[PDB]
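Just below is one structure, and these are the notes that go with it.
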Amino acid sequence: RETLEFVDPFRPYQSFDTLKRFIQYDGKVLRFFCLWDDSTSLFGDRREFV
Amino acid sequence: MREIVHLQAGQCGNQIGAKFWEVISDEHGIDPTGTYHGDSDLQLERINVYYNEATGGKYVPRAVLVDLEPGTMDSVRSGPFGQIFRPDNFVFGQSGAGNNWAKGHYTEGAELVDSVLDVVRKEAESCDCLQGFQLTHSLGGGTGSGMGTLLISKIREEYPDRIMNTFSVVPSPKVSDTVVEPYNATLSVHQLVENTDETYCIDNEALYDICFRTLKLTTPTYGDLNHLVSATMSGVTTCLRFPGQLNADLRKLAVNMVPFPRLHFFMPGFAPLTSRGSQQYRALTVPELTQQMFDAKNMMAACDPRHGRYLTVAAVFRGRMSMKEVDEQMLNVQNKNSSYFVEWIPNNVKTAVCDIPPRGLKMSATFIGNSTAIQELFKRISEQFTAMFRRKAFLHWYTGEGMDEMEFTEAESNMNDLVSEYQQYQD
Amino acid sequence: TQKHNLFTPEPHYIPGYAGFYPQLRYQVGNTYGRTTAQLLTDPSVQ
Amino acid sequence: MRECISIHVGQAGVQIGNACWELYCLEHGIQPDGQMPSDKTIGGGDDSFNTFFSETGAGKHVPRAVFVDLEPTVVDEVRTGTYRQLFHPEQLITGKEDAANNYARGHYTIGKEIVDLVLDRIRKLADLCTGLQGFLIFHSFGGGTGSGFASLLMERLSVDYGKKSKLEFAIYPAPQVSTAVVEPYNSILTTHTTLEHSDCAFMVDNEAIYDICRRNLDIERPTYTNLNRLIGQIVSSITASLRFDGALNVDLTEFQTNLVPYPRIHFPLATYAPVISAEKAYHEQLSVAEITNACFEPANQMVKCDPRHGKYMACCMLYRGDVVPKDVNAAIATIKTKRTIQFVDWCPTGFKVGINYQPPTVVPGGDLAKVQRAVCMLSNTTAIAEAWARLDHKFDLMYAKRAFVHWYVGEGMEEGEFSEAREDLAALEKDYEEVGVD
Amino acid sequence: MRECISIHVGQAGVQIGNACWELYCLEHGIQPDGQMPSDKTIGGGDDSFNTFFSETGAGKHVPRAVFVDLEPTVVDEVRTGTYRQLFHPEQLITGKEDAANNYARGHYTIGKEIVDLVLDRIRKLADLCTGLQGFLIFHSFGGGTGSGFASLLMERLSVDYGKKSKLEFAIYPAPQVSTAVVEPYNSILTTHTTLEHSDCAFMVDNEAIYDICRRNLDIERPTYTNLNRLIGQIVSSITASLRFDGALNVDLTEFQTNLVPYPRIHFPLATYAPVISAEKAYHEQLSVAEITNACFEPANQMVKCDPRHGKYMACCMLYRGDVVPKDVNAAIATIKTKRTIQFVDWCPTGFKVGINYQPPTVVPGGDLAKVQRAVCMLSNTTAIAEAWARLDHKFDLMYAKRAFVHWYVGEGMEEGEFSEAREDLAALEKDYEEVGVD
Ligand SMILES: Nc1nc2c(ncn2[C@@H]2O[C@H](COP(=O)(O)OP(=O)(O)OP(=O)(O)O)[C@@H](O)[C@H]2O)c(=O)[nH]1
Ligand SMILES: Nc1nc2c(ncn2[C@@H]2O[C@H](COP(=O)(O)OP(=O)(O)OP(=O)(O)O)[C@@H](O)[C@H]2O)c(=O)[nH]1
Ligand SMILES: Nc1nc2c(ncn2[C@@H]2O[C@H](COP(=O)(O)OP(=O)(O)OP(=O)(O)O)[C@@H](O)[C@H]2O)c(=O)[nH]1
């Protein structure tokens, strides 16, 4: 009967969407300040990114 | 969008028009001053069918007032709602009537027909698209009969494309007061049948009988009679303004009621009339509504169609009803008197059900009748005309006005043709 | 009469309806929504 | 893919389409807003709604139907309803003027300037669709606006699109009840215009729908809300093949081929067997046998025809729910053993079965029962000609005394077209006869 | 399998049928709600109730009986009773008009439009049944509505179904008490119509039922409740063979074969031996001998017949409870040795025994005894012809003075049918002594 429970069609399917989250968080950017050491190389030392 | 502009005529129309309009304002709940008190959303949608907009939430009635005697307007203006009527819409003349129909049709109208045409087209251009027009007057009413016959003719070639309603009251058969009244009516009806398509037939004597029957209040006011027929007139207009699964256009109605062109004359019918204690003695049920709806006593228009047969019948039901009771009620009456209709057309009924009750009661209705009961009416006027035309009584006036007996010949001949026409179709 | 209501607090009223809307005479605005946005915003009479 | 477009013409036909869409969102669980909960079903418009709704990346299920009307009263009110946000504004095609029950006024006067508009809608619906098997048309014969406007548009959509199916559903005129005496005028006018273009015309009658209500549903005062639900269930059952699968899957194309025997006549009868009250189904049992007895019980037909006064040609049963071939094939075999049911000798087999596993659900605030096994019974019989036989003897009298002709000849027409339809009907009865003659 | 359908026609026959189902639900322990406790007996409806009730997967027992009456007072009252939830609404077929004791009024005026409905019930009960041995018809000869309606339906069920059994049970008219003088008019109408279609008719008379009450039950003031429970016990005993088993199992088919001698006369008499008040049975003992003496003691019969004035033809005994063939066969042998017991020489053997081990159960709130060994004694003798001899001299007088005929001819009949019944009755008596004479 689990085979007969397996004989039980329900026609499933799935897909996605991206618009709402885009609209929800439209025009919003986070900003952070960091650093990477380059002194490991014998030419450069340091540089800062945002 | 499709709307209606009203025409007020005759000194009888002076009273009904006031009564007819104040009921509508009361039904839609506008204060006498004119500032709408927002209470009903459906009326918040549908006064544009009849009223245009004034500043500050004031609703100009799109009706035109015409008369000759200033005192009538002043009484109308000094009424509870004279403020909601426009001095712009008050056109009148500098002459006394004497209800010589020819004077108002040839002498007095000529210098006034121009102005009334200007006002109506100004109002007509103020709105976008009409179903058409309706007119309150009397067929035997002297000044009203004179003006309307001119106006109806003029607006025929003007707008031959619109709904051209007429609301007239029949003078009392037992006594006409006016003795030249049969001349006035016979003259008018000659051009009316040419120019009209719809005509409501109302008689005061029946209204007097109704008061003796259900009003039972001994001494009424003519305004109370105006209250009754305005309610009937309002009822046929409720179907347009209100939602609910029932078909509203008079053309939706007219083609169903009018089998042949010469059929213009129609008999109204109204629904529950209640007496002294029966308000708390009546169980409101569609059966007893249907019974009272089809009561020869409840009839008020001309006279009993019992003497004749029924051509077409159309009743509009206003309130919380359903498709089934109206169907079974129609079958019951269909089986009740199967022979009393005409074998030409079975199922001669045209039912419409308005889901919106009136303000005060829940289940109501209205009926319009087209039966073989008008013969005696113009049969009555036939003897009067022939008797008075037998020896040209009261005739020197109209010859002095410029009228001749030849005109009277076709007017009755036109009427006599209707006598055979109504007879031949049924009998 | 004995019934229910309409003209719920804006935003409502998709364009197309037939009917008078209270104090619609000052539409310097353009859209159906913006008018109705202010129209129901103005029951201030009383 | 497996999709279709629905058409709703007539302020009579508009409330029923609303109810069907109201019903349709329940089995899909669609909230009135236009979106499912946070559960994942939205996409490029592909899921159980894809055959009915259009739920694109916007996430709003857009029904694939067109509401057309000419009196803005009802259409504005439903536009103030509950799902109006789902409904597309100018997909709610409205008009400002009526046809006054006049077919030709709704066929000539104003339909010209509006058909171009709706033609733009259908092609813009056509392009987005992929398979679009055909069209679903709700209309009416005695239509104040249903009759005239539908006839013109079905003429136009047939000539440009004559390669696909068109499904017709109209309330058949009540045989002895008449809300309008002009109803015969437009009705026979519609029939003669549609017979050479209409693909599958399916008719119902309200009287027996009412008669059912107080027989087994036991409601002496129902409403349209129930009436539209009953027919709304009927279209739901036939469309369940599109929504879900079954033991075998059947389609309108199979329905078209297997139902209509010969051209012209394409007018079968539908019947839903398990119409019963909630408490009745509560302490009673439903099974294939008795419901098969019920669907072939003559008083259970919504059309006032006696099958014993006619003969059967085609019979399609659409079993929806938990069923097995064993009892079904045995039951129909016993049906073939029955002597009263007189099939024509031309067809040995006339039984088209469509099995669907999905049980028919109840609707919130409804009056139906709790059905597990349901069948939609589509059949065609010769007992139908009495309806048109009733129609003609009504018409012949009235055309003889030429009532209301001034109305029609006044706004542009004549008698030849009215004459032409009567031999078309006279053909219909005579065509219905020799086919009934074996 | 082994099931049947019961019929209860008339306000007279509905209160008694109610009590039987009240009794029947007791021994099965059926709760008035419609379901058992947490214990398991439900399923596809196949257990001790499968022959009486219809307890489908819904779990609610549907009794296999139809209650039909013409006056809504009592049936609506029982529709507001205790088990009304169990009872099917339109199986409790009600009416709005009466037959006014008039046989033909219930047979011609109104019976036409109602039998079509009940036939639908019969066939829709027929389809769900499996073996359906026959029908259990409960009525009254003096039926104001029982008489006329039954005659119509009994022939209708006879013509379509002439292959299965029909069991008839009615109160016999009181030989000297008459609550209606048209009762003898309609009674003979029923008999002459039923003789050629009724399979096995059984009668009873209330006077001796009352006489028993204050003889041994010692109740000088019983009510209908006692009367209904007694006959309910009688039908329970005859149906215990269907419910339980015993040493040997017997069926109505054996009863009909082994009781009725020849065509026409099918009117044996039932009797229950252990009819004793409660307080006695505490301090005496019951055995087969004395109850056999009791059941053959002439005063213990509920029908005013002197068996010494007649001759015995058949005697069918149903020992319900703990009995052994030894004392049974020995005791009945002593009965055969009895000389006052004058059997006809035509029957060397006339004894039909059916054994059921299940002891007869008491009823809560009842007045019966605590029976372990019981018999329902079914027999037919020739001492019954006097009863019809009472009716004819009753009949011949009033017919000669043609009382109340204006009533009957007023709504549409003539005296010829009344003529037929008299030699129909006359043929009965002359037959009785002819078979009585060896
Ligand atoms: N206003 C009014 N008119 C009434 C009343 N009773 C009867 N009538 C009649 O209604 C008719 C119509 O009025 P109008 O058409 O304005 O009359 P008119 O043209 O001014 O001239 P007359 O008819 O001679 O009065 C009158 O002729 C009256 O005879 C009433 O109580 N009030
Ligand atoms: N389809 C449908 N028909 C109804 C309904 N209620 C009543 N009817 C019947 O359907 C008919 C409607 O036809 P029409 O009046 O010509 O409708 P229409 O063509 O859209 O135009 P209208 O005159 O405005 O109604 C009526 O005569 C009723 O008898 C309903 O809810 N749906
Ligand atoms: N079966 C039965 N009969 C009873 C009962 N009580 C009294 N009787 C007798 O049974 C007869 C009832 O038969 P009818 O009076 O013809 O009943 P009916 O045919 O349904 O029509 P009505 O006259 O309206 O009751 C009466 O004459 C009583 O003598 C009872 O409880 N059950």
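A note on labels: chains of the structure tokens are A, B, ... as shown, every chain counts residues from 1, and ligands are counted from 1 in their shown order.
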Practice task
List all protein, DNA and RNA residues that have an atom no more than 8 Å from any atom of ligand 3, counting only C-alpha atoms and all ligand atoms, and report them as a ChimeraX atom specification.
Solution key: /E:9-16,69-71,98-101,138-148,170-171,173,178-180,183,224,227-228
Exercise for the section: Mind checking which residues fall within 12 Å of range 414-429 of chain E, counting only C-alpha atoms, ignoring those fewer than 3 positions away in the same chain, and posting them as a ChimeraX atom specification? Expected result: /E:103-104,184-196,263-267,382-396,398-400,402-411,432-436
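Residues of range 285-335 of chain B carrying a DSSP assignment of helix (DSSP H, G or I), computed from the backbone, are residues 286, 287, 288, 289, 290, 291, 292, 293, 305, 306, 307, 323, 324, 325, 326, 327, 328, 329, 330, 331, 332, 333, 334 and 335 of chain B.
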Exercise for the section: Excluding residue 23 in chain C and residues on its chain fewer than 3 positions from it, collect all residues at most 12 Å away from it, counting only C-alpha atoms, and give them as an NGL selection string. Expected result: (:B and (35-36 or 53-59)) or (:C and (20 or 26-27 or 35-36 or 38-45))
Writer output for current selection, C-alpha atoms, as a PDB file, in the first residue's frame:
ATOM      1  CA  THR B  35     -24.824  69.947   1.164  1.00  0.00           C
ATOM      2  CA  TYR B  36     -24.812  66.172   0.749  1.00  0.00           C
ATOM      3  CA  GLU B  53     -22.377  69.137  -9.708  1.00  0.00           C
ATOM      4  CA  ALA B  54     -22.500  72.512  -7.997  1.00  0.00           C
ATOM      5  CA  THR B  55     -19.694  73.874  -5.843  1.00  0.00           C
ATOM      6  CA  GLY B  56     -19.387  72.729  -2.248  1.00  0.00           C
ATOM      7  CA  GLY B  57     -21.054  69.358  -2.743  1.00  0.00           C
ATOM      8  CA  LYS B  58     -24.312  70.867  -4.009  1.00  0.00           C
ATOM      9  CA  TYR B  59     -26.276  68.922  -6.613  1.00  0.00           C
TER      10      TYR B  59
ATOM     11  CA  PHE C  20     -19.214  61.571  -8.586  1.00  0.00           C
ATOM     12  CA  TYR C  26      -9.330  70.699  -7.608  1.00  0.00           C
ATOM     13  CA  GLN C  27      -7.388  68.096  -9.601  1.00  0.00           C
ATOM     14  CA  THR C  35      -6.694  62.472  -6.843  1.00  0.00           C
ATOM     15  CA  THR C  36      -8.373  59.727  -4.825  1.00  0.00           C
ATOM     16  CA  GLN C  38      -6.297  63.384  -1.582  1.00  0.00           C
ATOM     17  CA  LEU C  39     -10.072  63.091  -2.033  1.00  0.00           C
ATOM     18  CA  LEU C  40     -10.573  60.624   0.813  1.00  0.00           C
ATOM     19  CA  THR C  41      -7.762  62.413   2.664  1.00  0.00           C
ATOM     20  CA  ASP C  42     -10.274  65.264   2.749  1.00  0.00           C
ATOM     21  CA  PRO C  43     -13.349  64.370   4.807  1.00  0.00           C
ATOM     22  CA  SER C  44     -12.408  67.467   6.833  1.00  0.00           C
ATOM     23  CA  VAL C  45     -15.807  69.052   6.219  1.00  0.00           C
TER      24      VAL C  45
END
Problem - Surrounding residues as a ChimeraX atom specification, ligand 1, max 6 Å, only C-alpha atoms and all ligand atoms - result: /B:10-12,14-15,99,137-138,140-145,222
Please produce a file of the residues just selected, as a tab-separated table (two decimals), in the first residue's frame, where the atoms kept are C-alpha atoms.
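Just written: part-v9.tsv:
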chain	number	residue	atom	x	y	z
B	10	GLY	CA	-48.16	72.98	-16.53
B	11	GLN	CA	-49.41	74.35	-13.27
B	12	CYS	CA	-50.05	70.78	-12.11
B	14	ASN	CA	-45.57	72.92	-10.65
B	15	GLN	CA	-46.78	70.85	-7.70
B	99	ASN	CA	-55.73	78.26	-20.47
B	137	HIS	CA	-47.64	68.01	-17.28
B	138	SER	CA	-51.34	67.37	-17.87
B	140	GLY	CA	-56.10	68.53	-20.15
B	141	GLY	CA	-53.95	71.18	-18.47
B	142	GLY	CA	-54.30	74.41	-20.40
B	143	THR	CA	-50.87	76.02	-20.31
B	144	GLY	CA	-49.07	72.69	-20.06
B	145	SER	CA	-50.88	71.24	-23.07
B	222	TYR	CA	-53.13	67.13	-3.24
Practice task
Using only C-alpha atoms, determine which residues of chain D fall within 8 Å of chain C; present them as a VMD selection string.
Solution key: chain D and resid 72 76 80 89
Practice task
as an MDAnalysis selection string, please: all residues of range 239-374 of chain B that backbone DSSP puts in strand (DSSP E or B).
Solution key: chainID B and resid 265:270 310:318 341 349:354 364:371
Would you put the residues from that selection into a file with N, CA and C atoms, as a PDB file, in the first residue's frame?
ATOM      1  N   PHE B 265     -49.740  54.566 -24.705  1.00  0.00           N
ATOM      2  CA  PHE B 265     -50.486  54.910 -23.503  1.00  0.00           C
ATOM      3  C   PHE B 265     -50.397  53.754 -22.515  1.00  0.00           C
ATOM      4  N   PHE B 266     -49.941  54.046 -21.299  1.00  0.00           N
ATOM      5  CA  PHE B 266     -49.577  53.005 -20.352  1.00  0.00           C
ATOM      6  C   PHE B 266     -50.163  53.317 -18.983  1.00  0.00           C
ATOM      7  N   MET B 267     -50.501  52.258 -18.247  1.00  0.00           N
ATOM      8  CA  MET B 267     -51.154  52.365 -16.955  1.00  0.00           C
ATOM      9  C   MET B 267     -50.209  51.946 -15.837  1.00  0.00           C
ATOM     10  N   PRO B 268     -49.859  52.855 -14.933  1.00  0.00           N
ATOM     11  CA  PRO B 268     -48.954  52.488 -13.835  1.00  0.00           C
ATOM     12  C   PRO B 268     -49.616  51.602 -12.793  1.00  0.00           C
ATOM     13  N   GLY B 269     -48.803  51.052 -11.893  1.00  0.00           N
ATOM     14  CA  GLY B 269     -49.279  50.233 -10.795  1.00  0.00           C
ATOM     15  C   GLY B 269     -48.242  50.162  -9.694  1.00  0.00           C
ATOM     16  N   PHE B 270     -48.663  50.310  -8.440  1.00  0.00           N
ATOM     17  CA  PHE B 270     -47.718  50.414  -7.339  1.00  0.00           C
ATOM     18  C   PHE B 270     -47.983  49.308  -6.327  1.00  0.00           C
ATOM     19  N   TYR B 310     -55.600  41.959 -21.454  1.00  0.00           N
ATOM     20  CA  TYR B 310     -54.277  42.461 -21.104  1.00  0.00           C
ATOM     21  C   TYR B 310     -53.327  42.214 -22.267  1.00  0.00           C
ATOM     22  N   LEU B 311     -52.737  43.288 -22.794  1.00  0.00           N
ATOM     23  CA  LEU B 311     -51.789  43.155 -23.898  1.00  0.00           C
ATOM     24  C   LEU B 311     -50.394  42.803 -23.392  1.00  0.00           C
ATOM     25  N   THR B 312     -49.778  43.712 -22.641  1.00  0.00           N
ATOM     26  CA  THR B 312     -48.454  43.498 -22.078  1.00  0.00           C
ATOM     27  C   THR B 312     -48.461  43.955 -20.630  1.00  0.00           C
ATOM     28  N   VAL B 313     -47.673  43.277 -19.804  1.00  0.00           N
ATOM     29  CA  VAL B 313     -47.563  43.594 -18.387  1.00  0.00           C
ATOM     30  C   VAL B 313     -46.090  43.595 -18.011  1.00  0.00           C
ATOM     31  N   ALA B 314     -45.692  44.564 -17.191  1.00  0.00           N
ATOM     32  CA  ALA B 314     -44.312  44.670 -16.745  1.00  0.00           C
ATOM     33  C   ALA B 314     -44.288  45.220 -15.330  1.00  0.00           C
ATOM     34  N   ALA B 315     -43.718  44.450 -14.408  1.00  0.00           N
ATOM     35  CA  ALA B 315     -43.646  44.832 -13.007  1.00  0.00           C
ATOM     36  C   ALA B 315     -42.200  44.772 -12.544  1.00  0.00           C
ATOM     37  N   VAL B 316     -41.747  45.838 -11.890  1.00  0.00           N
ATOM     38  CA  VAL B 316     -40.401  45.922 -11.340  1.00  0.00           C
ATOM     39  C   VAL B 316     -40.506  45.767  -9.831  1.00  0.00           C
ATOM     40  N   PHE B 317     -39.744  44.829  -9.278  1.00  0.00           N
ATOM     41  CA  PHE B 317     -39.792  44.506  -7.856  1.00  0.00           C
ATOM     42  C   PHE B 317     -38.565  45.112  -7.189  1.00  0.00           C
ATOM     43  N   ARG B 318     -38.785  45.890  -6.133  1.00  0.00           N
ATOM     44  CA  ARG B 318     -37.709  46.618  -5.470  1.00  0.00           C
ATOM     45  C   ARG B 318     -37.516  46.074  -4.058  1.00  0.00           C
ATOM     46  N   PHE B 341     -55.823  37.186 -20.669  1.00  0.00           N
ATOM     47  CA  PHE B 341     -54.850  37.774 -21.572  1.00  0.00           C
ATOM     48  C   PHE B 341     -55.306  37.589 -23.015  1.00  0.00           C
ATOM     49  N   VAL B 349     -45.398  39.038 -19.794  1.00  0.00           N
ATOM     50  CA  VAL B 349     -44.873  39.662 -18.588  1.00  0.00           C
ATOM     51  C   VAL B 349     -43.406  40.010 -18.809  1.00  0.00           C
ATOM     52  N   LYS B 350     -42.977  41.138 -18.243  1.00  0.00           N
ATOM     53  CA  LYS B 350     -41.582  41.574 -18.276  1.00  0.00           C
ATOM     54  C   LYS B 350     -41.189  41.944 -16.849  1.00  0.00           C
ATOM     55  N   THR B 351     -40.442  41.063 -16.192  1.00  0.00           N
ATOM     56  CA  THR B 351     -40.113  41.211 -14.783  1.00  0.00           C
ATOM     57  C   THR B 351     -38.705  41.760 -14.613  1.00  0.00           C
ATOM     58  N   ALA B 352     -38.558  42.686 -13.670  1.00  0.00           N
ATOM     59  CA  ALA B 352     -37.261  43.173 -13.229  1.00  0.00           C
ATOM     60  C   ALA B 352     -37.279  43.252 -11.712  1.00  0.00           C
ATOM     61  N   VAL B 353     -36.165  42.890 -11.083  1.00  0.00           N
ATOM     62  CA  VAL B 353     -36.078  42.816  -9.627  1.00  0.00           C
ATOM     63  C   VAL B 353     -34.936  43.712  -9.170  1.00  0.00           C
ATOM     64  N   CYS B 354     -35.272  44.768  -8.430  1.00  0.00           N
ATOM     65  CA  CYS B 354     -34.268  45.660  -7.871  1.00  0.00           C
ATOM     66  C   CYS B 354     -33.897  45.207  -6.465  1.00  0.00           C
ATOM     67  N   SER B 364     -40.695  46.013  -1.936  1.00  0.00           N
ATOM     68  CA  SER B 364     -41.631  46.870  -2.648  1.00  0.00           C
ATOM     69  C   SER B 364     -41.573  46.519  -4.126  1.00  0.00           C
ATOM     70  N   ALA B 365     -42.398  47.205  -4.912  1.00  0.00           N
ATOM     71  CA  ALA B 365     -42.455  46.948  -6.341  1.00  0.00           C
ATOM     72  C   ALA B 365     -43.171  48.089  -7.047  1.00  0.00           C
ATOM     73  N   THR B 366     -43.169  48.023  -8.374  1.00  0.00           N
ATOM     74  CA  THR B 366     -43.974  48.892  -9.216  1.00  0.00           C
ATOM     75  C   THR B 366     -44.382  48.117 -10.458  1.00  0.00           C
ATOM     76  N   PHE B 367     -45.514  48.494 -11.040  1.00  0.00           N
ATOM     77  CA  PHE B 367     -46.062  47.820 -12.207  1.00  0.00           C
ATOM     78  C   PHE B 367     -46.493  48.848 -13.241  1.00  0.00           C
ATOM     79  N   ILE B 368     -46.338  48.498 -14.515  1.00  0.00           N
ATOM     80  CA  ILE B 368     -46.838  49.307 -15.618  1.00  0.00           C
ATOM     81  C   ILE B 368     -47.719  48.415 -16.482  1.00  0.00           C
ATOM     82  N   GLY B 369     -48.916  48.897 -16.799  1.00  0.00           N
ATOM     83  CA  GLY B 369     -49.917  48.092 -17.468  1.00  0.00           C
ATOM     84  C   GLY B 369     -50.254  48.620 -18.847  1.00  0.00           C
ATOM     85  N   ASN B 370     -50.425  47.692 -19.789  1.00  0.00           N
ATOM     86  CA  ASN B 370     -50.896  47.986 -21.142  1.00  0.00           C
ATOM     87  C   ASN B 370     -51.990  46.966 -21.442  1.00  0.00           C
ATOM     88  N   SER B 371     -53.231  47.345 -21.170  1.00  0.00           N
ATOM     89  CA  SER B 371     -54.392  46.491 -21.356  1.00  0.00           C
ATOM     90  C   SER B 371     -55.456  47.227 -22.161  1.00  0.00           C
TER      91      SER B 371
END
Practice task
Specify as a VMD selection string all residues of chain B found within 12 Å of chain C, counting only C-alpha atoms.
Solution key: chain B and resid 1 to 3 27 to 29 35 to 59 241 319 to 320 355 to 362
Practice task
Enumerate as a ChimeraX atom specification the residues belonging to chain D that approach chain E to within 10 Å, with only C-alpha atoms taken into account.
Solution key: /D:280-285,287,289-290,293-294
Long-range neighbours of range 7-24 of chain A as a short mmCIF file (atom, residue, chain, number, x, y, z; two decimals) with N, CA, C and O atoms, in the first residue's frame, 7 Å cut-off, only C-alpha atoms, 4 positions minimum in chain:
data_model
loop_
_atom_site.label_atom_id
_atom_site.label_comp_id
_atom_site.auth_asym_id
_atom_site.auth_seq_id
_atom_site.Cartn_x
_atom_site.Cartn_y
_atom_site.Cartn_z
N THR A 3 3.43 1.25 -1.89
CA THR A 3 3.45 1.26 -3.34
C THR A 3 2.16 1.85 -3.89
O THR A 3 2.18 2.61 -4.87
N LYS D 40 7.06 28.20 -2.28
CA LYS D 40 7.65 28.44 -3.59
C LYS D 40 6.81 27.78 -4.67
O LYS D 40 6.84 26.56 -4.85
N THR D 41 6.04 28.60 -5.40
CA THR D 41 5.33 28.16 -6.60
C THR D 41 5.42 29.16 -7.75
O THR D 41 5.07 28.80 -8.88
N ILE D 42 5.87 30.38 -7.49
CA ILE D 42 5.94 31.43 -8.51
C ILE D 42 7.15 31.18 -9.40
O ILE D 42 8.13 30.55 -8.98
N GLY D 43 7.10 31.68 -10.63
CA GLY D 43 8.21 31.54 -11.56
C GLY D 43 7.97 32.24 -12.88
O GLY D 43 7.50 33.38 -12.91
N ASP D 47 3.02 26.47 -13.27
CA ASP D 47 2.54 25.51 -12.27
C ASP D 47 1.04 25.36 -12.52
O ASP D 47 0.52 25.92 -13.49
N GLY D 57 6.64 36.71 -13.21
CA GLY D 57 7.62 37.13 -12.23
C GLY D 57 7.07 38.13 -11.24
O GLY D 57 7.58 38.24 -10.12
N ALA D 58 6.04 38.87 -11.64
CA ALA D 58 5.35 39.76 -10.72
C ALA D 58 4.68 39.00 -9.58
O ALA D 58 4.36 39.59 -8.55
N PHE D 244 -5.39 18.37 -13.13
CA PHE D 244 -4.75 17.15 -12.66
C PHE D 244 -4.77 16.10 -13.76
O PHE D 244 -5.36 16.28 -14.83
#
Exercise for the section: Excluding residue 241 in chain D and residues on its chain fewer than 4 positions from it, collect all residues at most 7 Å away from it, counting only C-alpha atoms, and give them as a PyMOL selection string. Expected result: chain D and resi 245+249-251+356
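For range 111-127 of chain B, the residues within 8 Å (counting only C-alpha atoms, excluding itself and residues fewer than 4 positions away along the chain) are residues 3, 5, 52, 62, 64, 66, 89, 91, 92, 93, 107, 150 and 151 of chain B.
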Exercise for the section: For residue 149 in chain B, work out the shell of residues within 10 Å, counting only C-alpha atoms and skipping chain neighbours fewer than 2 positions away, then give it as an MDAnalysis selection string. Expected result: chainID B and resid 101 104:105 139 144:147 151:154 187:192 195:196
